[PDB]
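See below for protein-v8.tsv, which holds TSV, C-alpha atoms and all ligand atoms.
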chain	number	residue	atom	x	y	z
A	3	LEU	CA	0.00	0.00	0.00
A	4	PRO	CA	0.85	3.61	-0.44
A	5	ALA	CA	2.15	5.40	2.66
A	6	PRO	CA	-0.62	6.93	4.77
A	7	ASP	CA	-0.77	10.72	4.24
A	8	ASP	CA	-0.75	12.47	7.61
A	9	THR	CA	-0.93	15.96	6.08
A	10	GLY	CA	-4.06	14.83	4.29
A	11	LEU	CA	-5.46	13.35	7.50
A	12	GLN	CA	-4.73	16.63	9.34
A	13	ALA	CA	-6.66	18.56	6.63
A	14	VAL	CA	-9.62	16.18	6.91
A	15	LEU	CA	-9.94	16.70	10.65
A	16	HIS	CA	-9.58	20.45	10.30
A	17	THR	CA	-12.28	20.50	7.68
A	18	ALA	CA	-14.58	18.44	9.92
A	19	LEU	CA	-14.17	20.98	12.71
A	20	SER	CA	-14.94	23.80	10.25
A	21	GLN	CA	-18.19	22.00	9.42
A	22	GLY	CA	-19.36	21.60	13.02
A	23	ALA	CA	-17.58	18.65	14.66
A	24	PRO	CA	-16.36	19.73	18.12
A	25	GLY	CA	-13.58	17.15	17.80
A	26	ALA	CA	-12.32	14.71	15.23
A	27	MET	CA	-9.62	12.06	15.32
A	28	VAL	CA	-8.08	9.14	13.51
A	29	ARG	CA	-5.68	6.29	14.22
A	30	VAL	CA	-4.04	4.14	11.57
A	31	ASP	CA	-2.30	0.86	12.38
A	32	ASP	CA	-0.01	0.46	9.36
A	33	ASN	CA	1.49	-3.00	9.72
A	34	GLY	CA	2.92	-2.17	13.14
A	35	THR	CA	3.55	1.55	12.67
A	36	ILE	CA	0.96	3.84	14.27
A	37	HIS	CA	-0.41	7.09	12.91
A	38	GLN	CA	-2.55	9.17	15.28
A	39	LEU	CA	-4.08	12.62	14.89
A	40	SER	CA	-6.78	14.57	16.70
A	41	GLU	CA	-8.15	18.10	16.61
A	42	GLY	CA	-10.64	19.89	18.83
A	43	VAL	CA	-12.51	18.95	21.94
A	44	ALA	CA	-13.96	15.91	23.64
A	45	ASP	CA	-16.12	18.18	25.81
A	46	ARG	CA	-17.10	21.50	24.23
A	47	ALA	CA	-18.33	23.05	27.48
A	48	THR	CA	-15.18	22.29	29.47
A	49	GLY	CA	-12.81	22.55	26.55
A	50	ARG	CA	-11.09	19.20	27.27
A	51	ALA	CA	-9.19	18.16	24.16
A	52	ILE	CA	-10.14	15.05	22.21
A	53	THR	CA	-7.54	12.34	21.86
A	54	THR	CA	-7.25	9.03	20.05
A	55	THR	CA	-7.45	7.13	23.36
A	56	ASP	CA	-10.90	8.53	24.21
A	57	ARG	CA	-13.65	5.89	24.35
A	58	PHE	CA	-16.74	6.49	22.27
A	59	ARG	CA	-20.00	4.91	21.04
A	60	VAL	CA	-19.23	3.01	17.82
A	61	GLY	CA	-22.87	2.79	16.77
A	62	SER	CA	-23.61	0.46	13.91
A	63	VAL	CA	-20.08	-0.90	13.91
A	64	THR	CA	-21.78	-3.12	16.46
A	65	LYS	CA	-23.39	-4.99	13.55
A	66	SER	CA	-19.97	-6.44	12.67
A	67	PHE	CA	-19.58	-7.73	16.27
A	68	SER	CA	-23.06	-9.31	16.06
A	69	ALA	CA	-22.22	-10.88	12.70
A	70	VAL	CA	-18.99	-12.39	14.03
A	71	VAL	CA	-20.90	-14.05	16.89
A	72	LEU	CA	-23.53	-15.45	14.47
A	73	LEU	CA	-20.87	-16.75	12.07
A	74	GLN	CA	-19.10	-18.51	14.92
A	75	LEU	CA	-22.46	-20.14	15.72
A	76	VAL	CA	-22.59	-21.29	12.09
A	77	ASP	CA	-19.12	-22.77	12.53
A	78	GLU	CA	-20.27	-24.59	15.65
A	79	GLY	CA	-23.32	-26.12	13.82
A	80	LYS	CA	-25.90	-24.09	15.77
A	81	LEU	CA	-27.11	-21.88	12.96
A	82	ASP	CA	-27.74	-22.26	9.20
A	83	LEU	CA	-27.56	-19.03	7.19
A	84	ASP	CA	-30.14	-20.27	4.65
A	85	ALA	CA	-32.76	-21.34	7.16
A	86	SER	CA	-35.83	-19.21	7.88
A	87	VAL	CA	-35.50	-16.80	10.81
A	88	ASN	CA	-38.85	-18.17	11.98
A	89	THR	CA	-37.33	-21.66	12.16
A	90	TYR	CA	-35.37	-20.42	15.20
A	91	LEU	CA	-37.75	-17.69	16.43
A	92	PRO	CA	-41.19	-19.07	15.66
A	93	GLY	CA	-43.82	-16.54	14.66
A	94	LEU	CA	-41.39	-13.65	14.80
A	95	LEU	CA	-41.45	-12.32	11.25
A	96	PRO	CA	-44.41	-11.80	8.90
A	97	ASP	CA	-42.85	-13.98	6.19
A	98	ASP	CA	-41.42	-17.41	6.88
A	99	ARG	CA	-39.28	-17.08	3.72
A	100	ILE	CA	-37.03	-14.43	5.31
A	101	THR	CA	-33.71	-16.13	6.04
A	102	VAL	CA	-30.82	-15.50	8.38
A	103	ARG	CA	-28.51	-14.62	5.46
A	104	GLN	CA	-31.05	-12.10	4.19
A	105	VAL	CA	-31.32	-10.36	7.58
A	106	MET	CA	-27.53	-10.19	7.94
A	107	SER	CA	-27.13	-8.60	4.49
A	108	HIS	CA	-30.07	-6.17	4.73
A	109	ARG	CA	-32.03	-8.08	2.06
A	110	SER	CA	-34.95	-9.08	4.29
A	111	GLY	CA	-37.36	-6.23	3.44
A	112	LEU	CA	-37.95	-5.56	7.15
A	113	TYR	CA	-39.00	-1.94	7.72
A	114	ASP	CA	-36.46	0.01	9.76
A	115	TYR	CA	-38.24	0.99	13.06
A	116	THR	CA	-35.80	3.86	13.42
A	117	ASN	CA	-37.73	5.48	10.51
A	118	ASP	CA	-40.49	6.18	13.09
A	119	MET	CA	-38.06	7.19	15.90
A	120	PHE	CA	-35.65	9.73	14.40
A	121	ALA	CA	-37.31	11.56	11.62
A	122	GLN	CA	-37.06	14.53	13.97
A	123	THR	CA	-33.52	14.12	15.27
A	124	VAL	CA	-33.42	15.83	18.63
A	125	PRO	CA	-37.05	15.04	19.67
A	126	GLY	CA	-36.45	11.42	18.69
A	127	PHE	CA	-33.28	11.30	20.77
A	128	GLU	CA	-35.12	12.77	23.76
A	129	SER	CA	-37.83	10.13	23.30
A	130	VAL	CA	-35.55	7.07	23.28
A	131	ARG	CA	-32.46	8.06	25.23
A	132	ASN	CA	-33.74	6.90	28.66
A	133	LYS	CA	-35.97	4.05	27.48
A	134	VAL	CA	-35.31	0.35	27.85
A	135	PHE	CA	-36.75	-1.75	25.04
A	136	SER	CA	-36.93	-5.51	24.75
A	137	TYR	CA	-35.80	-7.03	21.46
A	138	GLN	CA	-39.44	-7.96	20.78
A	139	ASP	CA	-40.57	-4.36	21.36
A	140	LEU	CA	-38.33	-3.23	18.50
A	141	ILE	CA	-39.49	-6.01	16.21
A	142	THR	CA	-43.12	-5.10	16.93
A	143	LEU	CA	-42.41	-1.51	15.99
A	144	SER	CA	-41.01	-2.61	12.63
A	145	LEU	CA	-43.98	-4.91	12.00
A	146	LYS	CA	-46.41	-1.97	12.27
A	147	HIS	CA	-45.25	-1.53	8.65
A	148	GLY	CA	-45.19	-3.91	5.74
A	149	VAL	CA	-41.95	-5.19	4.31
A	150	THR	CA	-40.37	-2.99	1.64
A	151	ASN	CA	-39.30	-5.74	-0.76
A	152	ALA	CA	-39.56	-9.50	-1.27
A	153	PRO	CA	-37.19	-11.72	0.76
A	154	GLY	CA	-33.62	-11.42	-0.53
A	155	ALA	CA	-34.65	-9.17	-3.40
A	156	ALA	CA	-33.18	-5.78	-2.60
A	157	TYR	CA	-30.66	-4.15	-0.31
A	158	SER	CA	-32.29	-1.84	2.21
A	159	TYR	CA	-30.37	-1.04	5.35
A	160	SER	CA	-32.48	-1.73	8.42
A	161	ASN	CA	-31.67	-1.83	12.12
A	162	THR	CA	-34.49	-4.32	12.50
A	163	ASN	CA	-32.19	-6.89	10.90
A	164	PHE	CA	-29.61	-6.63	13.66
A	165	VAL	CA	-32.32	-6.66	16.36
A	166	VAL	CA	-33.17	-10.05	14.86
A	167	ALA	CA	-29.45	-10.88	15.07
A	168	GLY	CA	-29.38	-10.23	18.79
A	169	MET	CA	-32.48	-12.34	19.37
A	170	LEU	CA	-30.91	-15.20	17.44
A	171	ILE	CA	-27.75	-14.98	19.49
A	172	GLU	CA	-29.57	-14.96	22.80
A	173	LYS	CA	-32.04	-17.70	21.76
A	174	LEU	CA	-29.51	-20.14	20.38
A	175	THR	CA	-26.88	-19.66	23.11
A	176	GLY	CA	-29.01	-19.10	26.18
A	177	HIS	CA	-26.67	-16.18	27.06
A	178	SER	CA	-26.88	-12.43	26.75
A	179	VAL	CA	-25.29	-10.65	23.81
A	180	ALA	CA	-22.92	-8.97	26.31
A	181	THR	CA	-21.67	-12.36	27.46
A	182	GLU	CA	-21.24	-13.59	23.88
A	183	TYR	CA	-19.38	-10.46	22.79
A	184	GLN	CA	-17.15	-10.66	25.86
A	185	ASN	CA	-16.29	-14.36	25.54
A	186	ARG	CA	-16.03	-14.59	21.75
A	187	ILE	CA	-14.46	-11.23	20.86
A	188	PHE	CA	-13.51	-8.81	23.65
A	189	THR	CA	-11.56	-11.24	25.85
A	190	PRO	CA	-9.78	-13.24	23.05
A	191	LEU	CA	-8.63	-10.03	21.36
A	192	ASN	CA	-7.85	-8.24	24.65
A	193	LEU	CA	-10.11	-5.29	23.75
A	194	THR	CA	-9.55	-3.40	27.03
A	195	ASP	CA	-11.44	-0.31	25.85
A	196	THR	CA	-14.46	-2.24	24.50
A	197	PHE	CA	-17.74	-2.68	26.36
A	198	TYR	CA	-21.40	-3.58	26.00
A	199	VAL	CA	-23.11	-2.13	29.07
A	200	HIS	CA	-26.73	-1.80	27.89
A	201	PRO	CA	-28.88	-0.36	29.37
A	202	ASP	CA	-26.31	1.58	31.41
A	203	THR	CA	-25.89	5.15	30.20
A	204	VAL	CA	-22.39	5.77	31.54
A	205	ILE	CA	-19.37	5.40	29.25
A	206	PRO	CA	-16.63	3.83	31.39
A	207	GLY	CA	-13.34	5.75	31.63
A	208	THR	CA	-12.20	8.78	29.73
A	209	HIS	CA	-14.42	9.38	26.73
A	210	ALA	CA	-15.42	11.81	24.06
A	211	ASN	CA	-18.75	13.42	24.66
A	212	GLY	CA	-21.19	13.18	21.77
A	213	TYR	CA	-22.95	16.24	20.32
A	214	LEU	CA	-26.10	15.83	18.33
A	215	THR	CA	-26.57	18.42	15.60
A	216	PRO	CA	-30.16	19.61	15.48
A	217	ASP	CA	-32.16	19.45	12.28
A	218	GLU	CA	-32.43	23.27	12.19
A	219	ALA	CA	-29.50	24.95	10.51
A	220	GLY	CA	-27.36	26.88	12.98
A	221	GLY	CA	-29.11	25.32	16.04
A	222	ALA	CA	-27.32	24.74	19.33
A	223	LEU	CA	-25.71	21.35	19.87
A	224	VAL	CA	-27.23	18.81	22.26
A	225	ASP	CA	-25.02	16.67	24.53
A	226	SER	CA	-26.05	13.10	23.60
A	227	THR	CA	-23.27	11.25	25.43
A	228	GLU	CA	-25.30	9.36	28.04
A	229	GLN	CA	-28.13	7.19	26.76
A	230	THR	CA	-29.19	3.58	27.03
A	231	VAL	CA	-28.79	2.89	23.31
A	232	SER	CA	-31.63	0.43	23.98
A	233	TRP	CA	-33.17	1.44	20.65
A	234	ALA	CA	-30.20	-0.30	18.95
A	235	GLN	CA	-28.69	-2.98	21.25
A	236	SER	CA	-27.06	-5.63	18.98
A	237	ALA	CA	-27.52	-3.14	16.07
A	238	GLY	CA	-25.55	-0.31	17.71
A	239	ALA	CA	-24.64	-0.24	21.48
A	240	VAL	CA	-20.90	-1.22	21.66
A	241	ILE	CA	-18.44	1.22	23.21
A	242	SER	CA	-14.82	1.09	22.01
A	243	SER	CA	-11.70	2.96	21.05
A	244	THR	CA	-9.74	3.55	17.83
A	245	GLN	CA	-7.07	1.06	18.91
A	246	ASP	CA	-9.61	-1.63	19.67
A	247	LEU	CA	-11.63	-1.23	16.48
A	248	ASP	CA	-8.34	-1.41	14.54
A	249	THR	CA	-7.47	-4.60	16.39
A	250	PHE	CA	-10.95	-6.06	15.76
A	251	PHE	CA	-11.12	-5.41	12.02
A	252	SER	CA	-7.50	-6.53	11.52
A	253	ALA	CA	-8.29	-9.76	13.32
A	254	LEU	CA	-11.45	-10.26	11.27
A	255	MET	CA	-9.84	-9.71	7.88
A	256	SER	CA	-6.70	-11.71	8.74
A	257	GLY	CA	-8.78	-14.74	9.53
A	258	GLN	CA	-8.69	-14.94	13.30
A	259	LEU	CA	-12.41	-14.77	14.24
A	260	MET	CA	-14.10	-17.61	12.30
A	261	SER	CA	-13.44	-20.31	9.76
A	262	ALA	CA	-12.28	-19.41	6.26
A	263	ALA	CA	-15.67	-20.70	4.94
A	264	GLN	CA	-17.60	-18.30	7.14
A	265	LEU	CA	-15.37	-15.32	6.36
A	266	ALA	CA	-16.04	-16.02	2.69
A	267	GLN	CA	-19.78	-15.91	3.36
A	268	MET	CA	-19.30	-12.65	5.24
A	269	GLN	CA	-17.61	-11.15	2.17
A	270	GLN	CA	-20.25	-12.14	-0.44
A	271	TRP	CA	-21.11	-8.61	-1.50
A	272	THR	CA	-24.60	-7.26	-2.07
A	273	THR	CA	-24.44	-4.01	-4.09
A	274	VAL	CA	-25.15	-0.88	-2.09
A	275	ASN	CA	-24.09	1.63	-4.74
A	276	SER	CA	-21.46	1.81	-7.43
A	277	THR	CA	-18.60	2.08	-4.87
A	278	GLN	CA	-19.93	0.03	-1.99
A	279	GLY	CA	-21.07	-3.40	-1.01
A	280	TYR	CA	-22.57	-5.05	2.06
A	281	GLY	CA	-21.66	-8.61	3.10
A	282	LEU	CA	-22.93	-10.12	6.37
A	283	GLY	CA	-22.71	-7.27	8.87
A	284	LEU	CA	-19.72	-5.88	6.92
A	285	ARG	CA	-19.23	-3.01	4.47
A	286	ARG	CA	-16.93	-2.75	1.47
A	287	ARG	CA	-15.85	0.74	0.29
A	288	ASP	CA	-14.03	1.16	-3.00
A	289	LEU	CA	-11.53	4.04	-2.79
A	290	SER	CA	-10.43	6.34	-5.54
A	291	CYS	CA	-7.07	4.77	-6.14
A	292	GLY	CA	-8.43	1.24	-6.80
A	293	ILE	CA	-8.15	-0.08	-3.23
A	294	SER	CA	-11.17	-1.64	-1.46
A	295	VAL	CA	-11.42	-1.58	2.34
A	296	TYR	CA	-13.69	-3.50	4.68
A	297	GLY	CA	-15.38	-2.62	7.97
A	298	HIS	CA	-18.33	-0.58	9.11
A	299	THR	CA	-19.67	2.90	9.89
A	300	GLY	CA	-21.53	4.21	12.89
A	301	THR	CA	-23.88	7.20	13.39
A	302	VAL	CA	-25.31	6.79	16.89
A	303	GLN	CA	-26.31	10.14	18.36
A	304	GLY	CA	-23.33	12.41	18.63
A	305	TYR	CA	-20.71	10.03	17.14
A	306	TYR	CA	-19.72	9.40	13.52
A	307	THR	CA	-17.39	6.41	13.15
A	308	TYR	CA	-15.49	4.88	10.23
A	309	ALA	CA	-13.56	1.64	11.01
A	310	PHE	CA	-12.05	-0.12	7.97
A	311	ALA	CA	-9.15	-2.47	7.19
A	312	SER	CA	-7.39	-3.73	4.12
A	313	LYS	CA	-8.24	-7.14	2.75
A	314	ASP	CA	-5.41	-8.87	4.64
A	315	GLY	CA	-5.96	-6.86	7.84
A	316	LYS	CA	-2.47	-5.40	7.79
A	317	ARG	CA	-3.61	-1.78	7.68
A	318	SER	CA	-6.58	-0.62	9.72
A	319	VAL	CA	-8.07	2.84	10.24
A	320	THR	CA	-10.61	4.17	12.72
A	321	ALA	CA	-11.87	7.75	12.57
A	322	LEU	CA	-14.31	9.46	14.90
A	323	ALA	CA	-16.01	12.84	14.89
A	324	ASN	CA	-18.07	13.61	18.01
A	325	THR	CA	-21.09	14.92	16.25
A	326	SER	CA	-23.83	13.28	14.20
A	327	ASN	CA	-26.73	14.47	12.01
A	328	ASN	CA	-24.27	16.55	10.01
A	329	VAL	CA	-23.74	15.09	6.57
A	330	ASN	CA	-20.95	17.60	5.78
A	331	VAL	CA	-18.97	16.11	8.67
A	332	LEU	CA	-19.94	12.58	7.74
A	333	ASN	CA	-18.78	12.98	4.15
A	334	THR	CA	-15.62	14.76	5.16
A	335	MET	CA	-14.67	12.05	7.66
A	336	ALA	CA	-14.91	9.42	4.90
A	337	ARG	CA	-11.90	11.15	3.34
A	338	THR	CA	-9.74	9.73	6.18
A	339	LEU	CA	-9.92	6.40	4.32
A	340	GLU	CA	-8.57	8.04	1.16
A	341	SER	CA	-5.65	9.65	2.97
A	342	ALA	CA	-4.88	6.60	5.07
A	343	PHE	CA	-5.03	3.97	2.33
A	344	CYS	CA	-4.48	5.88	-0.96
A	345	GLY	CA	-1.94	8.30	0.46
A	346	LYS	CA	-0.73	11.49	-1.17
A	347	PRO	CA	-2.23	12.10	-4.61
B	1	LIG	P1	-25.84	3.09	13.07
B	1	LIG	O1	-27.28	3.38	13.41
B	1	LIG	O2	-24.78	3.70	13.92
B	1	LIG	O3	-25.42	3.61	11.59
B	1	LIG	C1	-26.36	3.77	10.63
B	1	LIG	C2	-25.91	3.58	9.35
B	1	LIG	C3	-24.56	3.01	9.15
B	1	LIG	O4	-24.34	1.83	9.30
B	1	LIG	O5	-23.65	3.84	8.82
B	1	LIG	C4	-26.88	3.68	8.27
B	1	LIG	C5	-26.51	3.19	7.00
B	1	LIG	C6	-27.31	3.21	5.88
B	1	LIG	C7	-28.56	3.75	6.00
B	1	LIG	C8	-28.94	4.24	7.20
B	1	LIG	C9	-28.17	4.23	8.34
Could I get this file's structure written as structure tokens?
Amino acid sequence: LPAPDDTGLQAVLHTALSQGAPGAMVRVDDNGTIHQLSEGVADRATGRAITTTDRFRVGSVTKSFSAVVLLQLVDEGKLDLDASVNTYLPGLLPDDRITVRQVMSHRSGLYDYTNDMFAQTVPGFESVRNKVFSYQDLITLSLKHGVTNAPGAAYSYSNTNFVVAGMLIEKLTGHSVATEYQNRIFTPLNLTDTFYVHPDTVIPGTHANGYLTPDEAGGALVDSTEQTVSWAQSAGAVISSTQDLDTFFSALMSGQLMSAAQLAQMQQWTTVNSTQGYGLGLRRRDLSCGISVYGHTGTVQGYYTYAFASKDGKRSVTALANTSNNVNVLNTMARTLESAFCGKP
């Protein structure tokens, strides 16, 4: 690979701040050589600087953790990707033909319940932040709506799919998702900054605060740090750090978290758009220089995350801006992948 471009990374973070992120940061693990940059503040009221060691909410990067657990269950003979979800969770879904593989790849047609939660960003946050939902509650909310496409027929990202994932994990193992994450992923990889504390609202240790951008242009930011994340759970509630997400995605792509057969299933790409694919709880992004990278994004309130690795896991990148609902920031932070993998132009 090209050398990572730290000048480029610096410019990306500075641009993100100019667009409304209180803080922005990035760490690159380049085959044993670290790159680390940060600009701005973890806490905009106190002025505490953000750093690459600050913990944060990784949001929908959680889907990759959920997928790893399910694929290990496939390896162990406990789960068949091509069986009906309703084979394992009887009467759960409106269509018995929706399969596990389809849920994990966002091809199920299940309506995304978050549609009905966060259309108004800040009011929706205030509605959910202190609620505790069961998995079934979230499924019921989705099923107030019809499916949006036939089983397997179309890609349509939906949190409902990874609510189903968590129910499958807990059903088939008899354990909580926290226990499964801890025993299958956090402990083996020594992810000392990584937690699943739902429904606790505290982020353990030193962390970036999250700032939700209101829907109204120019509106004051809302501190969204402390919430249950119960609306997401196995779709979005993991806490981590840049070092730990780098370790996780490197381990995944280098073959350490499941059999080769199941990693191949995880990397069967469903088209998202002309430069992106979705596997099983895994994203592919195709970068401008002809490099593809693999990982996931997160957008949980107040935190935009990119965590991606090269195909062999030898270079990994995690970037965080501590705002959300700000597409200028979101698009700018994607440029960290360009600078880190494509290097200087
Ligand atoms: P999650 O709720 O943190 O993130 C949501 C994402 C994502 O994975 O980046 C998303 C993706 C596509 C469409 C809607 C939401």
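Between atom CA of residue 117 of chain A and atom CA of residue 168 of chain A lies a distance of 19.6 Å.
With only C-alpha atoms as the atoms that count, the residue of A:66, A:327, A:245, A:338 with the shortest distance to residue 121 of chain A is A:327.
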Kindly provide the residues of chain A that approach ligand LIG 1 (chain B) to within 6 Å, each paired with its closest atom pair and their distance in Å to one decimal, based on only C-alpha atoms and all ligand atoms, listed by chain and increasing number, as a tab-separated table.
residue	atom	partner	partner_atom	distance
A:61	CA	B:LIG1	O2	3.5
A:62	CA	B:LIG1	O2	3.4
A:159	CA	B:LIG1	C7	5.2
A:238	CA	B:LIG1	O2	5.6
A:299	CA	B:LIG1	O5	4.2
A:300	CA	B:LIG1	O2	3.4
A:301	CA	B:LIG1	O2	3.7
A:302	CA	B:LIG1	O2	4.3
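Every protein, DNA or RNA residue with an atom at most 6 Å from residue 100 of chain A, where only C-alpha atoms count and chain neighbours fewer than 4 positions away do not, is listed here: residues 86, 110 and 153 of chain A.
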Which of these, A:131, A:145, A:23, A:214, has the shortest distance to residue 93 of chain A once you count only C-alpha atoms? A:145
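Taking only C-alpha atoms into account, residue 328 of chain A lies nearest to A:19 out of the set A:19, A:247, A:240, A:293.
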Neighbouring residues of residue 259 of chain A were defined as those with any atom within 10 Å, considering all atoms listed in the file; residues of the same chain fewer than 2 positions away were excluded. Please report them as a list in words. residues 70, 71, 73, 74, 186, 187, 190, 191, 250, 251, 252, 253, 254, 255, 256, 257, 261, 262, 264 and 265 of chain A
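Shortest separation to residue 108 of chain A among A:229, A:273, A:243, A:189 occurs at residue A:273, atoms counted being all atoms listed in the file.
Reported to one decimal place, the separation of atom CA of residue 4 of chain A from atom CA of residue 343 of chain A is 6.5 Å.
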Residues within 10 Å of residue 224 of chain A, please, as a PyMOL selection string. Count only C-alpha atoms; anything in the same chain fewer than 2 positions from it doesn't count. chain A and resi 124+127+212-216+221-222+226-227+303-304+325
Resulting file, chosen residues, C-alpha atoms, as an mmCIF file, in the coordinates of the input:
data_model
loop_
_atom_site.group_PDB
_atom_site.id
_atom_site.type_symbol
_atom_site.label_atom_id
_atom_site.label_comp_id
_atom_site.auth_asym_id
_atom_site.auth_seq_id
_atom_site.Cartn_x
_atom_site.Cartn_y
_atom_site.Cartn_z
ATOM 1 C CA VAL A 124 -33.420 15.830 18.630
ATOM 2 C CA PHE A 127 -33.280 11.300 20.770
ATOM 3 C CA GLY A 212 -21.190 13.180 21.770
ATOM 4 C CA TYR A 213 -22.950 16.240 20.320
ATOM 5 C CA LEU A 214 -26.100 15.830 18.330
ATOM 6 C CA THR A 215 -26.570 18.420 15.600
ATOM 7 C CA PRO A 216 -30.160 19.610 15.480
ATOM 8 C CA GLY A 221 -29.110 25.320 16.040
ATOM 9 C CA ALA A 222 -27.320 24.740 19.330
ATOM 10 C CA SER A 226 -26.050 13.100 23.600
ATOM 11 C CA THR A 227 -23.270 11.250 25.430
ATOM 12 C CA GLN A 303 -26.310 10.140 18.360
ATOM 13 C CA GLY A 304 -23.330 12.410 18.630
ATOM 14 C CA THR A 325 -21.090 14.920 16.250
#
